[PDB]
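Before any comments, here is the structure.
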Amino acid sequence: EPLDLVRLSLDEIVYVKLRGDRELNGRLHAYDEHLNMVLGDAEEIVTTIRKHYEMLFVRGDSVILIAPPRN
Amino acid sequence: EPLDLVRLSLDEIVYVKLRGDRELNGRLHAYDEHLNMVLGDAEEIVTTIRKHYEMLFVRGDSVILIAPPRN
Amino acid sequence: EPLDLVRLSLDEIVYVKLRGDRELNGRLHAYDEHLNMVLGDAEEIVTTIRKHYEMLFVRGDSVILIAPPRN
Amino acid sequence: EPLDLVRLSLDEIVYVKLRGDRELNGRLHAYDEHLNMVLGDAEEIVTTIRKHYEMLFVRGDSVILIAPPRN
Amino acid sequence: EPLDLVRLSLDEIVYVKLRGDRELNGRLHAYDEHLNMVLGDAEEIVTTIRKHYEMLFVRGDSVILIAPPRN
Amino acid sequence: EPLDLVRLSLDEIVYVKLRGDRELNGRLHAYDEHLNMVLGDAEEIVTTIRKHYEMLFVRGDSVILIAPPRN
Amino acid sequence: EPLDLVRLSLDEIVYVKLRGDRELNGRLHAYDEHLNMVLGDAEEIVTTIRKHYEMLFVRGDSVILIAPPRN
(Lines give C-alpha, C1' and ligand atoms only; values in the text may rest on other atoms or scores of the structure.)
Protein backbone atom coordinates (compact mmCIF):
# COMPACT_ATOMS: atom_id res chain seq x y z
CA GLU A 1 0.00 0.00 0.00
CA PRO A 2 2.51 2.77 1.05
CA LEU A 3 4.94 1.74 -1.72
CA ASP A 4 2.07 2.22 -4.17
CA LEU A 5 2.90 5.91 -4.13
CA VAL A 6 6.40 5.25 -5.43
CA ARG A 7 5.07 2.75 -7.96
CA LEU A 8 2.45 5.13 -9.36
CA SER A 9 5.24 7.71 -9.70
CA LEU A 10 7.13 5.67 -12.29
CA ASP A 11 8.10 8.14 -15.05
CA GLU A 12 6.76 11.10 -13.12
CA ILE A 13 9.02 13.78 -11.65
CA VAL A 14 9.51 13.07 -7.96
CA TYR A 15 10.93 15.05 -5.08
CA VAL A 16 13.25 13.12 -2.77
CA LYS A 17 14.60 14.26 0.57
CA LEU A 18 17.74 12.41 1.67
CA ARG A 19 19.41 12.33 5.08
CA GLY A 20 21.39 15.43 5.92
CA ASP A 21 20.59 18.56 3.97
CA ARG A 22 20.29 16.95 0.54
CA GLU A 23 17.35 16.86 -1.89
CA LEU A 24 16.72 15.58 -5.36
CA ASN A 25 14.23 16.15 -8.18
CA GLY A 26 14.11 13.94 -11.22
CA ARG A 27 12.14 11.54 -13.34
CA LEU A 28 11.68 8.19 -11.58
CA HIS A 29 12.96 5.57 -14.02
CA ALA A 30 13.32 2.66 -11.63
CA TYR A 31 13.12 1.64 -7.99
CA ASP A 32 13.41 -1.53 -5.93
CA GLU A 33 12.38 -3.11 -2.61
CA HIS A 34 15.24 -1.29 -0.83
CA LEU A 35 13.98 2.03 -2.20
CA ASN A 36 17.02 2.40 -4.46
CA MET A 37 16.09 4.68 -7.32
CA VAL A 38 17.33 5.76 -10.69
CA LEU A 39 16.42 9.41 -11.34
CA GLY A 40 16.63 10.87 -14.85
CA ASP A 41 17.45 14.49 -15.55
CA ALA A 42 18.04 14.92 -11.86
CA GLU A 43 18.87 17.97 -9.82
CA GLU A 44 20.64 17.60 -6.50
CA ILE A 45 20.33 20.45 -4.00
CA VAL A 46 22.55 20.78 -0.94
CA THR A 47 21.44 23.55 1.43
CA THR A 48 22.19 26.17 -1.79
CA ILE A 49 24.65 24.43 -4.09
CA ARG A 50 23.07 22.65 -7.07
CA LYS A 51 24.23 19.93 -9.40
CA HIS A 52 22.59 18.22 -12.35
CA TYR A 53 22.75 14.62 -13.62
CA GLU A 54 21.55 12.98 -16.79
CA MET A 55 21.06 9.72 -14.84
CA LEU A 56 21.40 9.30 -11.08
CA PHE A 57 21.44 6.18 -8.90
CA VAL A 58 20.22 6.96 -5.36
CA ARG A 59 20.87 4.55 -2.50
CA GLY A 60 17.62 3.55 -0.80
CA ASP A 61 19.09 3.68 2.73
CA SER A 62 19.39 7.43 2.60
CA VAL A 63 15.87 8.24 1.39
CA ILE A 64 13.63 9.94 3.98
CA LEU A 65 10.77 11.42 1.90
CA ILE A 66 9.37 10.91 -1.57
CA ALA A 67 6.72 13.17 -3.06
CA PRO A 68 5.07 12.62 -6.44
CA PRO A 69 4.35 15.58 -8.76
CA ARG A 70 1.11 17.49 -8.14
CA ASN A 71 -0.11 15.17 -10.91
CA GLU B 1 -1.00 -4.17 20.27
CA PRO B 2 1.20 -1.01 20.05
CA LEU B 3 0.79 -0.92 16.22
CA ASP B 4 -2.97 -0.88 16.83
CA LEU B 5 -2.63 2.85 17.41
CA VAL B 6 -1.28 3.40 13.89
CA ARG B 7 -3.89 1.03 12.48
CA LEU B 8 -6.83 2.79 14.17
CA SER B 9 -5.42 6.05 12.77
CA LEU B 10 -6.02 5.04 9.17
CA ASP B 11 -7.63 8.06 7.49
CA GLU B 12 -7.26 10.23 10.58
CA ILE B 13 -4.81 13.12 10.76
CA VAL B 14 -1.64 11.99 12.51
CA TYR B 15 1.32 13.85 13.94
CA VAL B 16 4.69 12.30 13.17
CA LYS B 17 8.04 13.20 14.69
CA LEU B 18 11.01 12.16 12.58
CA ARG B 19 14.71 11.98 13.52
CA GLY B 20 16.44 15.34 13.60
CA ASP B 21 14.25 18.40 13.93
CA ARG B 22 11.54 17.31 11.47
CA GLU B 23 7.80 16.89 11.99
CA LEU B 24 4.82 15.99 9.84
CA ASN B 25 1.03 16.30 9.96
CA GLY B 26 -1.16 14.59 7.44
CA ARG B 27 -3.93 12.12 6.79
CA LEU B 28 -2.69 8.57 7.18
CA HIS B 29 -3.55 6.81 3.91
CA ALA B 30 -1.31 3.78 4.26
CA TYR B 31 1.37 2.15 6.37
CA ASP B 32 3.30 -1.09 6.52
CA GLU B 33 5.26 -3.33 8.86
CA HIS B 34 8.38 -1.15 8.52
CA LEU B 35 6.29 1.87 9.59
CA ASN B 36 6.56 3.43 6.11
CA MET B 37 3.61 5.74 5.63
CA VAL B 38 1.82 7.66 2.99
CA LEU B 39 0.52 10.97 4.35
CA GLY B 40 -2.06 12.99 2.45
CA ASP B 41 -2.35 16.73 2.56
CA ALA B 42 0.81 16.74 4.58
CA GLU B 43 2.66 19.55 6.26
CA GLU B 44 6.40 19.21 6.95
CA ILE B 45 7.90 21.39 9.67
CA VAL B 46 11.66 21.83 10.09
CA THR B 47 12.58 23.72 13.26
CA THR B 48 10.49 26.94 11.49
CA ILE B 49 10.44 26.36 7.75
CA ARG B 50 7.25 24.73 6.41
CA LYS B 51 6.40 22.79 3.27
CA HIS B 52 3.18 21.19 2.04
CA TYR B 53 2.59 18.01 0.03
CA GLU B 54 -0.51 16.64 -1.64
CA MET B 55 0.84 13.10 -1.09
CA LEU B 56 3.94 12.21 0.92
CA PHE B 57 5.81 8.91 1.31
CA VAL B 58 7.61 8.77 4.67
CA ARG B 59 10.38 6.19 5.28
CA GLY B 60 9.63 4.11 8.38
CA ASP B 61 13.24 4.05 9.61
CA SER B 62 13.13 7.71 10.48
CA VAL B 63 9.89 7.70 12.48
CA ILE B 64 10.27 8.30 16.23
CA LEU B 65 6.72 9.25 17.39
CA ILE B 66 3.21 8.95 16.00
CA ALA B 67 0.26 10.63 17.68
CA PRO B 68 -3.37 10.20 16.53
CA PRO B 69 -5.82 13.12 16.47
CA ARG B 70 -7.51 13.94 19.78
CA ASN B 71 -10.87 12.14 20.09
CA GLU C 1 13.43 -11.65 32.68
CA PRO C 2 14.57 -8.04 31.90
CA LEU C 3 11.43 -7.36 29.83
CA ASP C 4 9.38 -8.40 32.90
CA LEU C 5 9.92 -4.86 34.15
CA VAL C 6 8.16 -3.42 31.09
CA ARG C 7 5.45 -6.06 31.32
CA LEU C 8 4.69 -5.43 35.01
CA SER C 9 4.46 -1.72 34.13
CA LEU C 10 1.38 -2.23 31.96
CA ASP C 11 -1.04 0.55 32.92
CA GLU C 12 1.46 2.17 35.30
CA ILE C 13 3.06 5.51 34.56
CA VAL C 14 6.51 4.94 33.10
CA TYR C 15 9.45 7.22 32.44
CA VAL C 16 11.21 6.68 29.13
CA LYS C 17 14.51 8.17 28.01
CA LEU C 18 14.98 8.26 24.21
CA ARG C 19 18.12 8.89 22.21
CA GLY C 20 19.22 12.50 22.04
CA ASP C 21 17.85 14.80 24.72
CA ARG C 22 14.26 13.51 24.72
CA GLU C 23 12.18 12.04 27.59
CA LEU C 24 8.64 10.82 28.02
CA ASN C 25 6.23 10.15 30.85
CA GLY C 26 2.94 8.42 30.29
CA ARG C 27 0.71 5.48 31.08
CA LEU C 28 1.97 2.33 29.38
CA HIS C 29 -0.97 0.97 27.37
CA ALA C 30 0.94 -1.40 25.12
CA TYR C 31 4.34 -2.62 24.10
CA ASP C 32 5.83 -5.24 21.80
CA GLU C 33 8.98 -7.30 21.25
CA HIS C 34 10.69 -4.35 19.50
CA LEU C 35 10.00 -2.19 22.55
CA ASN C 36 7.48 -0.09 20.62
CA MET C 37 5.13 1.49 23.10
CA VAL C 38 1.87 3.36 23.23
CA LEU C 39 1.86 5.89 26.03
CA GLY C 40 -1.37 7.45 27.29
CA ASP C 41 -1.61 11.00 28.62
CA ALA C 42 2.00 11.45 27.73
CA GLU C 43 4.37 14.32 28.26
CA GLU C 44 7.38 14.77 26.01
CA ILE C 45 10.33 16.77 27.35
CA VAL C 46 13.14 18.05 25.14
CA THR C 47 16.02 19.58 27.09
CA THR C 48 13.18 22.41 28.42
CA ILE C 49 10.36 22.49 25.87
CA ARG C 50 7.35 20.34 26.76
CA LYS C 51 4.50 18.84 24.76
CA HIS C 52 1.51 16.73 25.74
CA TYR C 53 -0.26 13.88 23.92
CA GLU C 54 -3.50 12.09 24.63
CA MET C 55 -2.06 8.96 22.97
CA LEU C 56 1.53 8.51 21.80
CA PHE C 57 3.21 5.79 19.76
CA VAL C 58 6.91 5.50 20.56
CA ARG C 59 9.29 3.66 18.21
CA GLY C 60 11.20 1.00 20.12
CA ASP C 61 14.52 1.63 18.32
CA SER C 62 14.97 4.95 20.07
CA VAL C 63 14.29 3.80 23.65
CA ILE C 64 17.33 3.80 25.95
CA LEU C 65 15.80 3.64 29.47
CA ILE C 66 12.45 2.70 30.96
CA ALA C 67 11.69 3.22 34.65
CA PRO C 68 8.45 2.07 36.30
CA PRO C 69 6.71 4.27 38.89
CA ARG C 70 8.01 4.12 42.46
CA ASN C 71 7.09 1.98 45.44
CA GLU D 1 32.73 -16.97 28.05
CA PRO D 2 32.71 -13.12 27.88
CA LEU D 3 29.05 -12.98 28.95
CA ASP D 4 30.02 -15.05 32.02
CA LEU D 5 31.14 -11.80 33.57
CA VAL D 6 27.62 -10.36 33.34
CA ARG D 7 26.11 -13.63 34.51
CA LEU D 8 28.38 -13.89 37.56
CA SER D 9 27.36 -10.31 38.44
CA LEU D 10 23.73 -11.22 38.99
CA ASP D 11 22.70 -9.46 42.20
CA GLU D 12 26.02 -7.63 42.48
CA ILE D 13 26.32 -3.88 41.95
CA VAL D 14 27.58 -3.24 38.44
CA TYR D 15 28.96 -0.22 36.67
CA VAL D 16 27.62 0.36 33.18
CA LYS D 17 28.90 2.86 30.64
CA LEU D 18 26.36 3.76 27.94
CA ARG D 19 26.85 5.57 24.63
CA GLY D 20 27.31 9.30 24.92
CA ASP D 21 28.32 10.62 28.32
CA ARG D 22 26.03 8.43 30.43
CA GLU D 23 26.86 5.97 33.22
CA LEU D 24 24.90 3.78 35.59
CA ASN D 25 25.48 1.98 38.86
CA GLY D 26 22.95 -0.46 40.23
CA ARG D 27 22.20 -3.98 41.35
CA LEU D 28 21.94 -6.32 38.38
CA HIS D 29 18.55 -8.03 38.73
CA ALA D 30 18.23 -9.39 35.20
CA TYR D 31 19.80 -9.41 31.76
CA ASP D 32 19.24 -11.09 28.42
CA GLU D 33 21.01 -12.09 25.21
CA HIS D 34 20.68 -8.53 23.83
CA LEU D 35 22.40 -7.19 26.97
CA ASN D 36 19.17 -5.52 28.16
CA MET D 37 19.38 -5.16 31.90
CA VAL D 38 17.20 -4.33 34.87
CA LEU D 39 19.17 -2.37 37.45
CA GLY D 40 17.88 -1.96 40.98
CA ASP D 41 18.54 1.05 43.18
CA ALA D 42 20.28 2.61 40.24
CA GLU D 43 22.10 5.87 39.89
CA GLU D 44 22.39 7.53 36.47
CA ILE D 45 25.22 9.98 35.89
CA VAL D 46 25.32 12.38 32.95
CA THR D 47 28.62 14.26 32.67
CA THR D 48 27.60 15.92 36.40
CA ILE D 49 23.83 15.66 36.77
CA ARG D 50 22.60 12.65 38.77
CA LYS D 51 19.32 10.81 38.98
CA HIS D 52 18.18 7.82 41.01
CA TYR D 53 15.80 4.96 40.15
CA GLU D 54 14.25 2.25 42.30
CA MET D 55 14.13 -0.02 39.24
CA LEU D 56 15.63 0.77 35.83
CA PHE D 57 15.35 -0.99 32.47
CA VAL D 58 18.46 -0.38 30.31
CA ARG D 59 18.38 -1.07 26.57
CA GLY D 60 21.17 -3.44 25.60
CA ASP D 61 22.03 -1.63 22.33
CA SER D 62 23.44 1.34 24.21
CA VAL D 63 25.73 -0.55 26.61
CA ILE D 64 29.45 -0.13 25.94
CA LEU D 65 31.10 -1.33 29.19
CA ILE D 66 30.05 -3.41 32.18
CA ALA D 67 32.21 -3.76 35.27
CA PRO D 68 31.41 -6.03 38.22
CA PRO D 69 32.06 -4.85 41.78
CA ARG D 70 35.61 -5.37 43.10
CA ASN D 71 34.88 -8.73 44.67
CA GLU E 1 16.19 -2.36 -12.57
CA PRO E 2 17.85 0.46 -10.49
CA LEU E 3 21.12 -1.53 -10.22
CA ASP E 4 21.11 -1.67 -14.04
CA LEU E 5 22.61 1.79 -13.98
CA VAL E 6 25.64 0.61 -12.04
CA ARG E 7 25.88 -2.49 -14.25
CA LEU E 8 25.81 -0.52 -17.51
CA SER E 9 28.56 1.68 -16.03
CA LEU E 10 31.09 -1.18 -15.93
CA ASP E 11 34.31 0.26 -17.35
CA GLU E 12 32.86 3.75 -17.64
CA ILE E 13 33.99 6.60 -15.44
CA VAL E 14 31.52 7.02 -12.58
CA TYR E 15 30.94 9.73 -10.01
CA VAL E 16 30.27 8.50 -6.49
CA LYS E 17 29.12 10.55 -3.54
CA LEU E 18 29.90 8.98 -0.16
CA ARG E 19 28.58 9.85 3.30
CA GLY E 20 30.09 12.95 4.82
CA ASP E 21 31.78 15.37 2.46
CA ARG E 22 33.57 12.79 0.30
CA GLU E 23 33.36 12.15 -3.46
CA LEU E 24 35.05 9.87 -5.92
CA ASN E 25 35.58 9.64 -9.66
CA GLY E 26 37.08 6.62 -11.31
CA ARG E 27 36.64 3.81 -13.77
CA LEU E 28 34.22 1.22 -12.45
CA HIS E 29 36.08 -2.10 -12.62
CA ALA E 30 33.87 -4.15 -10.30
CA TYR E 31 30.86 -3.99 -8.02
CA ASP E 32 28.78 -6.40 -5.98
CA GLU E 33 25.37 -6.81 -4.36
CA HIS E 34 26.42 -4.69 -1.36
CA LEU E 35 27.43 -1.91 -3.75
CA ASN E 36 31.12 -2.38 -2.93
CA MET E 37 33.15 -1.09 -5.86
CA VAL E 38 36.65 -1.10 -7.21
CA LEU E 39 37.46 2.17 -8.93
CA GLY E 40 40.43 2.46 -11.29
CA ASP E 41 42.46 5.65 -11.67
CA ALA E 42 40.38 7.18 -8.96
CA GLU E 43 40.26 10.66 -7.53
CA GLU E 44 39.00 11.24 -4.01
CA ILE E 45 37.75 14.72 -3.12
CA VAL E 46 37.13 15.84 0.46
CA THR E 47 35.44 19.24 0.68
CA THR E 48 38.90 20.72 -1.22
CA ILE E 49 41.70 18.24 -0.55
CA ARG E 50 42.29 15.73 -3.36
CA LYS E 51 44.00 12.35 -3.52
CA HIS E 52 44.54 9.89 -6.36
CA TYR E 53 44.66 6.10 -6.45
CA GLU E 54 45.62 3.64 -9.12
CA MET E 55 43.06 1.16 -7.73
CA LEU E 56 40.54 1.88 -4.99
CA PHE E 57 38.17 -0.39 -3.07
CA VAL E 58 35.08 1.51 -1.89
CA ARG E 59 32.85 0.05 0.84
CA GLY E 60 29.23 -0.20 -0.39
CA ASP E 61 27.69 0.90 2.95
CA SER E 62 29.00 4.43 2.49
CA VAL E 63 27.77 5.02 -1.05
CA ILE E 64 24.93 7.54 -1.40
CA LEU E 65 24.92 8.44 -5.12
CA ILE E 66 26.36 6.98 -8.29
CA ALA E 67 26.23 8.83 -11.61
CA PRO E 68 27.42 7.33 -14.89
CA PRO E 69 29.36 9.45 -17.42
CA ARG E 70 27.33 11.66 -19.74
CA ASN E 71 26.06 11.70 -23.25
CA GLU F 1 42.63 -15.85 9.81
CA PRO F 2 42.23 -12.17 10.94
CA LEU F 3 40.56 -13.26 14.23
CA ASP F 4 43.65 -15.40 14.90
CA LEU F 5 45.33 -12.25 16.18
CA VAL F 6 42.69 -11.86 18.88
CA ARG F 7 42.87 -15.57 19.65
CA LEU F 8 46.66 -15.66 20.00
CA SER F 9 46.33 -12.68 22.35
CA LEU F 10 44.43 -14.68 24.97
CA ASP F 11 46.02 -13.79 28.30
CA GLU F 12 48.28 -11.18 26.75
CA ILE F 13 47.83 -7.48 27.37
CA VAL F 14 45.98 -5.94 24.48
CA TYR F 15 45.33 -2.38 23.37
CA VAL F 16 41.78 -1.68 22.20
CA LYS F 17 40.52 1.43 20.44
CA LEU F 18 36.76 1.95 20.75
CA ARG F 19 34.51 4.34 18.82
CA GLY F 20 34.69 7.94 19.95
CA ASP F 21 37.80 8.97 21.86
CA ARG F 22 38.02 5.90 24.10
CA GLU F 23 40.84 3.37 24.54
CA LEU F 24 41.49 0.35 26.71
CA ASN F 25 44.46 -1.65 27.91
CA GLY F 26 44.03 -4.91 29.75
CA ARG F 27 44.65 -8.64 29.87
CA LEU F 28 42.43 -10.45 27.38
CA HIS F 29 40.61 -13.09 29.41
CA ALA F 30 37.82 -13.89 26.96
CA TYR F 31 36.28 -12.95 23.63
CA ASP F 32 33.52 -14.14 21.34
CA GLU F 33 32.35 -14.08 17.72
CA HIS F 34 30.84 -10.60 18.19
CA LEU F 35 34.22 -9.36 19.44
CA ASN F 36 32.89 -8.90 22.98
CA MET F 37 35.78 -9.06 25.37
CA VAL F 38 36.53 -9.37 29.04
CA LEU F 39 39.64 -7.39 29.96
CA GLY F 40 41.41 -7.97 33.26
CA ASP F 41 43.21 -5.25 35.18
CA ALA F 42 41.99 -2.80 32.59
CA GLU F 43 42.67 0.87 32.11
CA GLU F 44 40.18 3.01 30.24
CA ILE F 45 41.44 6.26 28.68
CA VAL F 46 39.11 9.01 27.45
CA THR F 47 40.96 11.77 25.60
CA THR F 48 42.93 12.46 29.24
CA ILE F 49 40.75 11.08 32.02
CA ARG F 50 41.67 7.57 33.17
CA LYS F 51 39.79 4.86 35.01
CA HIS F 52 40.81 1.38 36.18
CA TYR F 53 38.85 -1.86 36.46
CA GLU F 54 39.68 -5.22 37.96
CA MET F 55 37.44 -6.90 35.35
CA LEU F 56 35.86 -5.17 32.36
CA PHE F 57 33.27 -6.38 29.84
CA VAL F 58 33.63 -4.56 26.50
CA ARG F 59 30.84 -4.67 23.91
CA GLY F 60 32.11 -5.95 20.57
CA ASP F 61 30.08 -3.46 18.49
CA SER F 62 32.21 -0.55 19.66
CA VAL F 63 35.64 -2.10 19.00
CA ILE F 64 37.59 -0.53 16.12
CA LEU F 65 41.20 -1.67 16.71
CA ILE F 66 42.93 -4.40 18.68
CA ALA F 67 46.71 -4.56 19.03
CA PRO F 68 48.51 -7.42 20.78
CA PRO F 69 51.56 -6.71 22.99
CA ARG F 70 54.89 -6.29 21.25
CA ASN F 71 56.81 -9.46 20.35
CA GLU G 1 35.21 -9.47 -8.11
CA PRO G 2 35.54 -6.27 -5.96
CA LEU G 3 37.04 -8.22 -3.05
CA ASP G 4 39.70 -9.48 -5.48
CA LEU G 5 41.50 -6.23 -4.88
CA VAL G 6 41.84 -7.00 -1.17
CA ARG G 7 42.81 -10.58 -1.94
CA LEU G 8 45.54 -9.64 -4.42
CA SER G 9 46.88 -7.25 -1.75
CA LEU G 10 47.80 -10.08 0.62
CA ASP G 11 51.29 -9.24 1.93
CA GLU G 12 51.38 -5.91 0.11
CA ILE G 13 51.29 -2.61 1.99
CA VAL G 14 47.76 -1.24 1.88
CA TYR G 15 46.25 2.12 2.72
CA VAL G 16 43.00 1.98 4.66
CA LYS G 17 40.63 4.83 5.36
CA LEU G 18 38.39 4.26 8.38
CA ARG G 19 35.27 6.15 9.47
CA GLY G 20 35.96 9.48 11.12
CA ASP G 21 39.35 11.03 10.47
CA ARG G 22 41.43 7.87 10.83
CA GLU G 23 43.80 6.18 8.36
CA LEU G 24 46.08 3.17 8.39
CA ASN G 25 49.03 1.88 6.43
CA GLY G 26 50.39 -1.59 6.94
CA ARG G 27 51.18 -4.97 5.45
CA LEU G 28 47.98 -6.95 4.91
CA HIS G 29 48.50 -10.27 6.66
CA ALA G 30 44.89 -11.42 6.77
CA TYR G 31 41.32 -10.48 6.03
CA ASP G 32 37.89 -12.08 6.14
CA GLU G 33 34.40 -11.78 4.66
CA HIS G 34 33.48 -8.95 7.08
CA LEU G 35 36.54 -7.02 5.90
CA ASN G 36 38.29 -7.48 9.24
CA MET G 37 42.03 -7.17 8.68
CA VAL G 38 45.31 -7.77 10.42
CA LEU G 39 47.87 -5.18 9.43
CA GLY G 40 51.57 -5.71 10.11
CA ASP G 41 53.99 -2.91 10.86
CA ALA G 42 51.07 -0.54 10.79
CA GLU G 43 50.89 3.20 11.13
CA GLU G 44 47.67 4.84 12.35
CA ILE G 45 47.10 8.51 11.43
CA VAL G 46 44.44 10.66 13.10
CA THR G 47 44.04 14.07 11.47
CA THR G 48 48.04 14.74 12.62
CA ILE G 49 48.78 12.40 15.52
CA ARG G 50 50.52 9.15 14.55
CA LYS G 51 50.86 5.78 16.23
CA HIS G 52 52.69 2.59 15.21
CA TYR G 53 51.81 -1.06 15.78
CA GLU G 54 53.77 -4.23 15.21
CA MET G 55 50.48 -6.08 14.61
CA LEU G 56 47.06 -4.47 14.30
CA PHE G 57 43.58 -5.98 14.12
CA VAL G 58 41.16 -3.68 12.26
CA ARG G 59 37.38 -4.17 12.58
CA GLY G 60 35.80 -4.48 9.14
CA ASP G 61 32.69 -2.41 9.98
CA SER G 62 34.77 0.75 10.11
CA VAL G 63 36.62 0.36 6.80
CA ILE G 64 35.58 2.81 4.06
CA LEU G 65 38.45 2.61 1.52
CA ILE G 66 41.27 0.19 0.77
CA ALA G 67 44.02 1.01 -1.70
CA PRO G 68 46.73 -1.45 -2.72
CA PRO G 69 50.33 -0.25 -3.24
CA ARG G 70 51.19 1.27 -6.64
CA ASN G 71 52.40 -1.29 -9.20
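FYI, nothing fancy with the C-alpha coordinates labels: chains A, B, ... in order, residues from 1 per chain, ligands from 1 as they appear.
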Residue 64 of chain B: which residues within 6 Å, counting only C-alpha atoms, same-chain residues fewer than 2 positions away excluded, as a VMD selection string? (chain B and resid 17 to 18) or (chain C and resid 59)
Tell me, counting only C-alpha atoms, for each residue of chain A within 9 Å of chain E, which pair of atoms is nearest and how far apart they are in Å to one decimal, in rows ordered by chain and increasing number, as a Markdown table.
```
| residue | atom | partner | partner_atom | distance |
| --- | --- | --- | --- | --- |
| A:29 | CA | E:2 | CA | 7.9 |
| A:30 | CA | E:2 | CA | 5.2 |
| A:31 | CA | E:2 | CA | 5.5 |
| A:32 | CA | E:2 | CA | 6.7 |
| A:36 | CA | E:2 | CA | 6.4 |
| A:37 | CA | E:2 | CA | 5.6 |
| A:38 | CA | E:2 | CA | 5.3 |
| A:53 | CA | E:67 | CA | 7.0 |
| A:54 | CA | E:70 | CA | 6.6 |
| A:55 | CA | E:67 | CA | 6.2 |
| A:56 | CA | E:67 | CA | 4.9 |
| A:57 | CA | E:66 | CA | 5.0 |
| A:58 | CA | E:65 | CA | 4.9 |
| A:59 | CA | E:64 | CA | 5.2 |
| A:60 | CA | E:64 | CA | 8.4 |
| A:61 | CA | E:64 | CA | 8.1 |
| A:62 | CA | E:64 | CA | 6.8 |
```
In Å, rounded to a single decimal, give me how far atom CA of residue 52 of chain A is from atom CA of residue 23 of chain A. 11.8 Å
Could you pull out the helix (DSSP H, G or I) residues of chain A from DSSP and send them as a list in words? residues 4, 5, 6, 7, 8, 60, 61 and 62 of chain A
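Relative to atom CA of residue 43 of chain A, atom CA of residue 13 of chain A is found at 10.9 Å.
When atom CA of residue 47 of chain A is paired with atom CA of residue 24 of chain A, their separation reads 11.5 Å.
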